[PDB]
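Following: one structure in structure tokens, then a few remarks.
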Amino acid sequence: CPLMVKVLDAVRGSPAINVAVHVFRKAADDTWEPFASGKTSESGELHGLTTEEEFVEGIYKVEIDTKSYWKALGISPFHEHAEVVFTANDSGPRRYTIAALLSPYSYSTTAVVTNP
Amino acid sequence: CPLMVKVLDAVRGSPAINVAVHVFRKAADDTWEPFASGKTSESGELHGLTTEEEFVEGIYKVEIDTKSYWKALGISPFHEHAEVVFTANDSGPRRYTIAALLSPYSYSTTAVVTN
Amino acid sequence: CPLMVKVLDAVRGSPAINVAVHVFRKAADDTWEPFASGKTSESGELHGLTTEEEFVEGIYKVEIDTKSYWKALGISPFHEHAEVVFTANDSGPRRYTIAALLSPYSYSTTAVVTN
Amino acid sequence: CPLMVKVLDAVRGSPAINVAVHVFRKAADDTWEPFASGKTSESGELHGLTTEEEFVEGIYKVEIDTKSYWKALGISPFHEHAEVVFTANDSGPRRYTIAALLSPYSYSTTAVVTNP
């Protein structure tokens, strides 16, 4: 799994379950092309977005649909989404974990990058 | 000052000085229209972006040029930039502070919305 | 003002107002000696804790009473308090801001140390 | 595993390996009694601190030795340690994950609490 997303809820002290995530890759013409999408499991994890073959070099945007998450819980949050934008695989293949910790008016995000 | 941006550096324990910040407003066609920009001051703050008259309800994006910041300090960073996307809503308090706390592979952001 | 404490609320998007804060200094016998205390203001800040004369090098602990804060808002929190433990060092910059960003099951803290 | 600690490094984008962790429990006389200790693995995780039998109700302090971590990497950090203090198991047994994300002048921490 070369790209995994993990989301935690700082209000509940739990995984953030059923969070929609959309990944985009910047195209040659500088537009954001849809790359992959999914939603977090009961563990707060999203696996299986892509493959080593398909996850080529590029600039990627991981959009975590935080507003949709909070609204589904009946809470009115501040942000539309959390965006994580990074160059990937430019020194060869790596494995990326994008983690996020959510509150209604705040979030934090980090990356764990490993070389297989 | 209806909109202020504050940026802090978690590596050095300091304000993040001379960071470029661009604000965009979402247009009807879903494109991002330039709105305001500037560079953070010696205190890590960017004041004077807009006025009450100009800062109408809508969706805004604050893009913080973190990559250039880290590179100017000789540090290799992960992100291209940090983004903060939110709706300005007149039913809530009137002053928005968007704060960001930067590390090479991570950032935190919060909103402080007051009257 | 050599030491200031700032507290923000990540649930409401606001300063964290009327939060009790206690500062301790580590004594020679490794016990924590009361040093300064107060409650955060309407802006989430606590100024006036100490003076340059009193704030000598050493290990300090800033304890933020997060549990009472959340309970007063009707929210069940995880932590008993938030703690920030650090060394004041005269070789570095002279003004310390300890900032904390609170959620019910989480907190973030940073230091902004300037001249 | 009723108590697990996980530590990530926000500078390197990696697990925080070899981080010492000391857990204390508040005694009847209000002192902090040593409860358990260990260090994070190559995954940034620390397992096996305690057992369901031993992890009774109480107020616990998880001290993550961040200064020692950063100093071993040759960096002069701000904090002495990160302390996480909480009441545990007061509504019956739970499983607690204490996570921390470290930078030289900052850290964040969260809890994931689950009911087995």
Side-chain angles (χ1 to χ4, degrees), chain A residues 3 6-8 10-11 22-26 29-32 34 57-71 75-91 94-115, chain B residues 3 5-8 10-11 22-26 29-32 57-71 75-93 95-114:
Chain A
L3 179 61
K6 180 193 225 131
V7 192
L8 294 181
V11 171
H22 297 249
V23 186
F24 305 85
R25 182 183 177 279
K26 189 177 281 196
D29 64 1
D30 284 323
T31 66
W32 289 112
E57 290 194 72
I59 301 178
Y60 292 83
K61 176 162 60 174
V62 174
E63 178 202 282
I64 304 174
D65 293 336
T66 60
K67 179 171 180 180
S68 286
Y69 171 80
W70 291 114
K71 285 185 70 176
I75 298 302
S76 311
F78 184 76
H79 302 92
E80 289 300 304
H81 52 242
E83 290 189 14
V84 179
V85 185
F86 59 102
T87 301
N89 304 308
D90 63 327
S91 290
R94 302 290 186 276
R95 303 187 183 156
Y96 298 84
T97 299
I98 304 302
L101 176 62
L102 307 184
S103 300
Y105 281 74
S106 183
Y107 60 89
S108 55
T109 185
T110 198
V112 178
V113 182
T114 66
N115 186 345
Chain B
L3 181 60
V5 178
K6 171 175 266 146
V7 191
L8 296 177
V11 169
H22 294 77
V23 187
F24 304 87
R25 174 156 203 279
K26 200 174 190 187
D29 72 349
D30 279 353
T31 67
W32 290 109
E57 294 185 302
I59 298 175
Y60 293 84
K61 176 173 64 151
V62 175
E63 186 158 66
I64 305 173
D65 184 0
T66 59
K67 190 176 186 183
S68 295
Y69 175 76
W70 290 119
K71 288 180 56 164
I75 293 169
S76 184
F78 180 70
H79 302 94
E80 288 296 293
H81 52 248
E83 306 252 69
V84 182
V85 185
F86 67 97
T87 296
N89 169 31
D90 285 351
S91 314
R95 307 159 208 167
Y96 302 73
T97 294
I98 302 300
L101 176 60
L102 308 182
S103 302
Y105 281 74
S106 181
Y107 61 89
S108 172
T109 189
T110 199
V112 188
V113 187
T114 62

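Quick note: numbers below take in every heavy atom, side chains included, and nothing from hydrogens, waters or symmetry partners. Protein chains get the first letters and strands the later ones, always in sequence-line order, with residue 1 at the start of each.
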Point to revise | Atom NE2 of B/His22 with >12 non-hydrogen neighbours under 6.0 angstrom | key: no

Check your understanding: Looking only at heavy atoms, which two atoms of A/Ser106 and B/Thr109 are closest? And how far apart?
Key -> OG-O, 2.7 Å

Point to revise | Under 4.5 Å from a heavy atom of chain A, the part of B/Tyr96 involved | key: side chain

Review point. Among all residues two or more places apart in sequence or in another chain, which pass the side-chain contact (heavy atoms from CB on, under 4.5 Å) test with B/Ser76?
Key: none

Point to revise | Contact origin within B/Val112 toward chain A - heavy atom pairs under 4.5 Å | key: neither

Check your understanding: Relative to the ring of A/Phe86, is the ring of B/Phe78 parallel (under 30°), tilted (30 to 60°) or perpendicular (over 60°)?
Key -> parallel

Review point. How many angstroms lie between atom CD of A/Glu83 and atom CD of B/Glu80, to the nearest 0.5 angstrom?
Key: 12.5 Å

Exercise for review: Working to the nearest 0.5 Å, report the span between OG1 of A/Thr110 and NE2 of B/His79.
Suggested key: 7.0 Å

Check your understanding: Who are the side chain to side chain donor-acceptor pair (under 3.5 Å) partners of B/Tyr107, not counting sequence neighbours?
Key -> none

Review point. What part of A/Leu101 is in contact with chain B, defined as an atom under 4.5 angstrom from a non-hydrogen atom: side chain, backbone, both or neither?
Key: neither

